[PDB]
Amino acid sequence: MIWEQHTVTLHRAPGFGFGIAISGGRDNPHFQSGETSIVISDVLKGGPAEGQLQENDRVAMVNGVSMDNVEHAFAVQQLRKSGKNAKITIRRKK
């Protein structure tokens, strides 16, 4: 494996949030391996993340806050408490 790490800034589109869904978390592992990583599970068509993130990107950080082995609701709450912008550091299996 290689992991490519990118950071993106998503601008809130009101009525549409940041146009992503997240899964995973240590209380909610997405993968059959039990890996606990927060992951992008859906990107809204036409929304703020279109062409910036894909399903299964691993989320390392949200607005500078580590998502290492955190609860699902902690990741959600970090997104929710973002301003106009959400800086999301991801890692992609390349």
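Between two forms, the rigid core is the largest collection of C-alphas that superpose within 1.5 Å. One-based numbering along the sequence shown.
10-18 against 79-87 - segment lying farther from this form in 5 other deposited structures of this protein (CA RMS, rigid core fit) = After the core superposition, the stretch with higher RMS deviation in 5 other deposited structures of this protein is 10-18.
Between 24-32 and 60-68, report the one with more C-alpha displacement in 5 other deposited structures of this protein relative to this form after a rigid core superposition.
-> When 24-32 and 60-68 are compared in 5 other deposited structures of this protein, 24-32 lies farther out.
Could you settle it for me: does 66-74 or 7-15 have the higher average Cα B factor in the PDB entry?
-> Looking at the record's C-alpha B-factors, the answer is 7-15.
If you average the Cα B factors in the entry, which is higher, 36-44 or 49-57?
-> The entry gives the higher C-alpha B-factor average to 49-57.
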